[PDB]
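As stored in final-v6.pdb (PDB, C-alpha atoms):
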```
ATOM      1  CA  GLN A  21      -7.136  10.840  43.822  1.00  0.00           C
ATOM      2  CA  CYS A  22      -9.735   8.285  42.694  1.00  0.00           C
ATOM      3  CA  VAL A  23     -10.787   9.755  39.350  1.00  0.00           C
ATOM      4  CA  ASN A  24     -12.972   6.929  37.997  1.00  0.00           C
ATOM      5  CA  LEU A  25     -14.473   8.482  34.879  1.00  0.00           C
ATOM      6  CA  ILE A  26     -14.755   5.124  33.063  1.00  0.00           C
ATOM      7  CA  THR A  27     -17.414   2.431  33.391  1.00  0.00           C
ATOM      8  CA  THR A  28     -18.057  -1.015  31.932  1.00  0.00           C
ATOM      9  CA  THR A  29     -20.399  -0.733  28.945  1.00  0.00           C
ATOM     10  CA  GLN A  30     -20.262  -4.430  27.906  1.00  0.00           C
ATOM     11  CA  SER A  31     -20.937  -3.249  24.351  1.00  0.00           C
ATOM     12  CA  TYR A  32     -19.046  -4.884  21.490  1.00  0.00           C
ATOM     13  CA  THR A  33     -18.713  -4.695  17.702  1.00  0.00           C
ATOM     14  CA  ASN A  34     -19.860  -7.242  15.117  1.00  0.00           C
ATOM     15  CA  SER A  35     -17.871  -5.982  12.102  1.00  0.00           C
ATOM     16  CA  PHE A  36     -14.257  -6.619  13.089  1.00  0.00           C
ATOM     17  CA  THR A  37     -11.733  -9.168  11.817  1.00  0.00           C
ATOM     18  CA  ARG A  38      -8.680  -7.318  13.136  1.00  0.00           C
ATOM     19  CA  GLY A  39      -7.151  -9.775  15.617  1.00  0.00           C
ATOM     20  CA  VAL A  40      -4.470 -11.119  13.262  1.00  0.00           C
ATOM     21  CA  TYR A  41      -0.705 -11.117  13.788  1.00  0.00           C
ATOM     22  CA  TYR A  42       2.379 -12.840  12.406  1.00  0.00           C
ATOM     23  CA  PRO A  43       2.839 -16.210  14.174  1.00  0.00           C
ATOM     24  CA  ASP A  44       6.533 -16.629  13.289  1.00  0.00           C
ATOM     25  CA  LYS A  45       9.456 -15.130  11.369  1.00  0.00           C
ATOM     26  CA  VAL A  46       9.416 -17.497   8.357  1.00  0.00           C
TER      27      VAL A  46
ATOM     28  CA  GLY B 545      22.246 -22.753  14.498  1.00  0.00           C
ATOM     29  CA  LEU B 546      20.782 -23.706  11.108  1.00  0.00           C
ATOM     30  CA  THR B 547      22.906 -26.497   9.627  1.00  0.00           C
ATOM     31  CA  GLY B 548      22.815 -27.959   6.147  1.00  0.00           C
ATOM     32  CA  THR B 549      24.617 -28.298   2.840  1.00  0.00           C
ATOM     33  CA  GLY B 550      24.248 -26.784  -0.603  1.00  0.00           C
ATOM     34  CA  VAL B 551      25.314 -23.997  -2.941  1.00  0.00           C
ATOM     35  CA  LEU B 552      24.949 -20.368  -1.852  1.00  0.00           C
ATOM     36  CA  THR B 553      24.138 -17.735  -4.469  1.00  0.00           C
ATOM     37  CA  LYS B 554      22.575 -14.286  -4.514  1.00  0.00           C
ATOM     38  CA  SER B 555      18.802 -14.063  -4.939  1.00  0.00           C
ATOM     39  CA  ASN B 556      16.202 -11.357  -5.524  1.00  0.00           C
ATOM     40  CA  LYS B 557      13.920 -12.011  -2.540  1.00  0.00           C
ATOM     41  CA  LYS B 558      12.623  -9.136  -0.405  1.00  0.00           C
ATOM     42  CA  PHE B 559      12.515 -10.125   3.262  1.00  0.00           C
ATOM     43  CA  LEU B 560      10.807  -7.984   5.874  1.00  0.00           C
ATOM     44  CA  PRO B 561      13.030  -6.461   8.598  1.00  0.00           C
ATOM     45  CA  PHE B 562      11.892  -9.125  11.089  1.00  0.00           C
ATOM     46  CA  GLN B 563      12.323 -12.078   8.709  1.00  0.00           C
ATOM     47  CA  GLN B 564      15.259 -14.473   9.040  1.00  0.00           C
ATOM     48  CA  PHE B 565      14.714 -17.432   6.693  1.00  0.00           C
ATOM     49  CA  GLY B 566      12.106 -18.552   4.191  1.00  0.00           C
ATOM     50  CA  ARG B 567      10.467 -21.846   3.279  1.00  0.00           C
ATOM     51  CA  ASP B 568       8.714 -23.189   0.194  1.00  0.00           C
ATOM     52  CA  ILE B 569       5.429 -25.080  -0.184  1.00  0.00           C
ATOM     53  CA  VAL B 570       6.962 -28.328   1.115  1.00  0.00           C
ATOM     54  CA  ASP B 571       8.422 -26.504   4.163  1.00  0.00           C
ATOM     55  CA  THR B 572      12.068 -26.799   3.107  1.00  0.00           C
ATOM     56  CA  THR B 573      14.692 -24.125   3.715  1.00  0.00           C
ATOM     57  CA  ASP B 574      15.630 -22.277   0.523  1.00  0.00           C
ATOM     58  CA  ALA B 575      16.807 -18.818   1.644  1.00  0.00           C
ATOM     59  CA  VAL B 576      18.682 -17.362   4.615  1.00  0.00           C
ATOM     60  CA  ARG B 577      20.331 -14.075   5.575  1.00  0.00           C
ATOM     61  CA  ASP B 578      23.878 -13.212   6.603  1.00  0.00           C
ATOM     62  CA  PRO B 579      23.928 -12.193  10.300  1.00  0.00           C
ATOM     63  CA  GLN B 580      26.755  -9.767   9.491  1.00  0.00           C
ATOM     64  CA  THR B 581      25.775  -8.487   6.025  1.00  0.00           C
ATOM     65  CA  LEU B 582      21.961  -8.815   6.103  1.00  0.00           C
ATOM     66  CA  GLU B 583      21.875  -9.826   2.432  1.00  0.00           C
ATOM     67  CA  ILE B 584      19.549 -12.362   0.814  1.00  0.00           C
ATOM     68  CA  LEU B 585      21.132 -15.679  -0.193  1.00  0.00           C
ATOM     69  CA  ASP B 586      19.381 -18.659  -1.784  1.00  0.00           C
ATOM     70  CA  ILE B 587      20.178 -22.315  -1.102  1.00  0.00           C
ATOM     71  CA  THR B 588      20.258 -24.964  -3.830  1.00  0.00           C
ATOM     72  CA  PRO B 589      20.915 -28.693  -3.380  1.00  0.00           C
ATOM     73  CA  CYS B 590      24.147 -30.091  -4.771  1.00  0.00           C
ATOM     74  CA  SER B 591      24.133 -32.234  -7.899  1.00  0.00           C
ATOM     75  CA  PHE B 592      23.087 -35.885  -7.745  1.00  0.00           C
ATOM     76  CA  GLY B 593      21.635 -38.524 -10.031  1.00  0.00           C
TER      77      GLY B 593
END
```

In structure tokens, write the structure found in this file.
Amino acid sequence: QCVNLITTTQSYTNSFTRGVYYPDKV
Amino acid sequence: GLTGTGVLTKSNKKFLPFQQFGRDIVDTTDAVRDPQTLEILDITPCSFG
């Protein structure tokens, strides 16, 4: 079945600095 | 695969479970782990002058 209950809102957030990860194992 | 020379002694560092070796400010190797014991060992250069 094609249960498409999600839509593109295009909304974002302007209070996030979360995209950080460890670049290496040093 | 990490080759070198020096004196191996026990240290008090606390590596994370995904850490393998550490470096100092000048990016030189000073600590490694045993692949079979998982302990922390420091590396010191041999005497010269």

Expected selection from the ChimeraX specification (/B :<9) & /A, given as a list in words: residues 44, 45 and 46 of chain A

Keeping only C-alpha atoms, write those residues as a PDB file, keeping the file's coordinate frame.
```pdb
ATOM      1  CA  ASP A  44       6.533 -16.629  13.289  1.00  0.00           C
ATOM      2  CA  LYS A  45       9.456 -15.130  11.369  1.00  0.00           C
ATOM      3  CA  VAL A  46       9.416 -17.497   8.357  1.00  0.00           C
TER       4      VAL A  46
END
```

Quick one: what's the axis-aligned box for segment 27-39 of chain A, all listed atoms, 5 Å on every side, centre and edges in Å to one decimal, as AutoDock Vina command-line options?
```
--center_x -14.0 --center_y -3.7 --center_z 22.6 --size_x 23.8 --size_y 22.2 --size_z 31.6
```

Picked residues, the PyMOL selection byres ((chain B and resi 588) around 6), as a PyMOL selection string: chain B and resi 550-551+587+589

Using C-alpha atoms, can you export the residues from the last selection as a PDB file, keeping the file's coordinate frame?
```pdb
ATOM      1  CA  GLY B 550      24.248 -26.784  -0.603  1.00  0.00           C
ATOM      2  CA  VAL B 551      25.314 -23.997  -2.941  1.00  0.00           C
ATOM      3  CA  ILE B 587      20.178 -22.315  -1.102  1.00  0.00           C
ATOM      4  CA  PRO B 589      20.915 -28.693  -3.380  1.00  0.00           C
TER       5      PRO B 589
END
```

Between atom CA of residue 569 of chain B and atom CA of residue 592 of chain B - distance in Å to one decimal: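 Taking atom CA of residue 592 of chain B as the start and atom CA of residue 569 of chain B as the end point, the length is 22.0 Å.
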
Between atom CA of residue 590 of chain B and atom CA of residue 556 of chain B - distance in Å to one decimal: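 Spanning atom CA of residue 556 of chain B to atom CA of residue 590 of chain B is a straight-line distance of 20.4 Å.
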
Gap from atom CA of residue 557 of chain B to atom CA of residue 572 of chain B - Å, one decimal: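 If I compute the distance from atom CA of residue 557 of chain B to atom CA of residue 572 of chain B, I get 15.9 Å.
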
Starting from the shown file, work through the PyMOL selection byres ((chain B and resi 586) around 6) and note down what comes out as a tab-separated table (two decimals) with C-alpha atoms, in the coordinates of the input.
```tsv
chain	number	residue	atom	x	y	z
B	552	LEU	CA	24.95	-20.37	-1.85
B	553	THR	CA	24.14	-17.74	-4.47
B	555	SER	CA	18.80	-14.06	-4.94
B	574	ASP	CA	15.63	-22.28	0.52
B	575	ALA	CA	16.81	-18.82	1.64
B	585	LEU	CA	21.13	-15.68	-0.19
B	587	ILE	CA	20.18	-22.32	-1.10
```

Incomplete chain A filled out to N, CA and C atoms as a PDB file, keeping the file's coordinate frame:
```
ATOM      1  N   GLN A  21      -5.692  10.667  43.935  1.00  0.00           N
ATOM      2  CA  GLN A  21      -7.136  10.840  43.822  1.00  0.00           C
ATOM      3  C   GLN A  21      -7.761   9.697  43.029  1.00  0.00           C
ATOM      4  N   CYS A  22      -9.010   9.365  43.362  1.00  0.00           N
ATOM      5  CA  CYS A  22      -9.735   8.285  42.694  1.00  0.00           C
ATOM      6  C   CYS A  22     -10.660   8.849  41.611  1.00  0.00           C
ATOM      7  N   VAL A  23     -10.050   9.207  40.482  1.00  0.00           N
ATOM      8  CA  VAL A  23     -10.787   9.755  39.350  1.00  0.00           C
ATOM      9  C   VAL A  23     -11.254   8.619  38.448  1.00  0.00           C
ATOM     10  N   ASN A  24     -12.414   8.041  38.768  1.00  0.00           N
ATOM     11  CA  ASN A  24     -12.972   6.929  37.997  1.00  0.00           C
ATOM     12  C   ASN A  24     -14.043   7.458  37.042  1.00  0.00           C
ATOM     13  N   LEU A  25     -13.572   7.958  35.898  1.00  0.00           N
ATOM     14  CA  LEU A  25     -14.473   8.482  34.879  1.00  0.00           C
ATOM     15  C   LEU A  25     -14.845   7.445  33.830  1.00  0.00           C
ATOM     16  N   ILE A  26     -14.476   6.181  34.024  1.00  0.00           N
ATOM     17  CA  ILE A  26     -14.755   5.124  33.063  1.00  0.00           C
ATOM     18  C   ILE A  26     -15.632   4.072  33.722  1.00  0.00           C
ATOM     19  N   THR A  27     -16.510   3.469  32.921  1.00  0.00           N
ATOM     20  CA  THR A  27     -17.414   2.431  33.391  1.00  0.00           C
ATOM     21  C   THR A  27     -17.479   1.316  32.356  1.00  0.00           C
ATOM     22  N   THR A  28     -17.936   0.148  32.805  1.00  0.00           N
ATOM     23  CA  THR A  28     -18.057  -1.015  31.932  1.00  0.00           C
ATOM     24  C   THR A  28     -19.350  -0.917  31.132  1.00  0.00           C
ATOM     25  N   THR A  29     -19.227  -0.828  29.806  1.00  0.00           N
ATOM     26  CA  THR A  29     -20.399  -0.733  28.945  1.00  0.00           C
ATOM     27  C   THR A  29     -20.860  -2.087  28.425  1.00  0.00           C
ATOM     28  N   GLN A  30     -19.959  -3.071  28.353  1.00  0.00           N
ATOM     29  CA  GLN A  30     -20.262  -4.430  27.906  1.00  0.00           C
ATOM     30  C   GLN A  30     -20.638  -4.461  26.427  1.00  0.00           C
ATOM     31  N   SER A  31     -20.629  -3.302  25.773  1.00  0.00           N
ATOM     32  CA  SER A  31     -20.937  -3.249  24.351  1.00  0.00           C
ATOM     33  C   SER A  31     -19.757  -3.761  23.535  1.00  0.00           C
ATOM     34  N   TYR A  32     -20.062  -4.308  22.361  1.00  0.00           N
ATOM     35  CA  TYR A  32     -19.046  -4.884  21.490  1.00  0.00           C
ATOM     36  C   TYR A  32     -19.332  -4.440  20.060  1.00  0.00           C
ATOM     37  N   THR A  33     -18.545  -4.963  19.124  1.00  0.00           N
ATOM     38  CA  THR A  33     -18.713  -4.695  17.702  1.00  0.00           C
ATOM     39  C   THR A  33     -18.817  -6.017  16.960  1.00  0.00           C
ATOM     40  N   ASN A  34     -19.644  -6.044  15.915  1.00  0.00           N
ATOM     41  CA  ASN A  34     -19.860  -7.242  15.117  1.00  0.00           C
ATOM     42  C   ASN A  34     -19.379  -7.085  13.681  1.00  0.00           C
ATOM     43  N   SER A  35     -18.408  -6.210  13.440  1.00  0.00           N
ATOM     44  CA  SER A  35     -17.871  -5.982  12.102  1.00  0.00           C
ATOM     45  C   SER A  35     -16.355  -5.825  12.167  1.00  0.00           C
ATOM     46  N   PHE A  36     -15.700  -6.702  12.926  1.00  0.00           N
ATOM     47  CA  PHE A  36     -14.257  -6.619  13.089  1.00  0.00           C
ATOM     48  C   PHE A  36     -13.634  -7.987  12.843  1.00  0.00           C
ATOM     49  N   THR A  37     -12.556  -7.989  12.067  1.00  0.00           N
ATOM     50  CA  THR A  37     -11.733  -9.168  11.817  1.00  0.00           C
ATOM     51  C   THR A  37     -10.270  -8.747  11.939  1.00  0.00           C
ATOM     52  N   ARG A  38      -9.962  -7.995  12.997  1.00  0.00           N
ATOM     53  CA  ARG A  38      -8.680  -7.318  13.136  1.00  0.00           C
ATOM     54  C   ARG A  38      -7.653  -8.086  13.956  1.00  0.00           C
ATOM     55  N   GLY A  39      -8.077  -9.055  14.763  1.00  0.00           N
ATOM     56  CA  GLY A  39      -7.151  -9.775  15.617  1.00  0.00           C
ATOM     57  C   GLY A  39      -6.280 -10.775  14.884  1.00  0.00           C
ATOM     58  N   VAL A  40      -5.382 -10.283  14.033  1.00  0.00           N
ATOM     59  CA  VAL A  40      -4.470 -11.119  13.262  1.00  0.00           C
ATOM     60  C   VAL A  40      -3.055 -10.583  13.433  1.00  0.00           C
ATOM     61  N   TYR A  41      -2.103 -11.491  13.641  1.00  0.00           N
ATOM     62  CA  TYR A  41      -0.705 -11.117  13.788  1.00  0.00           C
ATOM     63  C   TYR A  41       0.171 -12.218  13.206  1.00  0.00           C
ATOM     64  N   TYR A  42       1.428 -11.876  12.952  1.00  0.00           N
ATOM     65  CA  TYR A  42       2.379 -12.840  12.406  1.00  0.00           C
ATOM     66  C   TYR A  42       2.723 -13.893  13.451  1.00  0.00           C
ATOM     67  N   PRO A  43       2.522 -15.184  13.170  1.00  0.00           N
ATOM     68  CA  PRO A  43       2.839 -16.210  14.174  1.00  0.00           C
ATOM     69  C   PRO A  43       4.323 -16.515  14.302  1.00  0.00           C
ATOM     70  N   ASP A  44       5.110 -16.330  13.243  1.00  0.00           N
ATOM     71  CA  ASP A  44       6.533 -16.629  13.289  1.00  0.00           C
ATOM     72  C   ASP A  44       7.270 -15.721  12.317  1.00  0.00           C
ATOM     73  N   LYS A  45       8.582 -15.930  12.227  1.00  0.00           N
ATOM     74  CA  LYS A  45       9.456 -15.130  11.369  1.00  0.00           C
ATOM     75  C   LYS A  45       9.934 -15.892  10.140  1.00  0.00           C
ATOM     76  N   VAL A  46       9.079 -16.720   9.545  1.00  0.00           N
ATOM     77  CA  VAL A  46       9.416 -17.497   8.357  1.00  0.00           C
ATOM     78  C   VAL A  46       8.828 -16.796   7.140  1.00  0.00           C
TER      79      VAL A  46
END
```
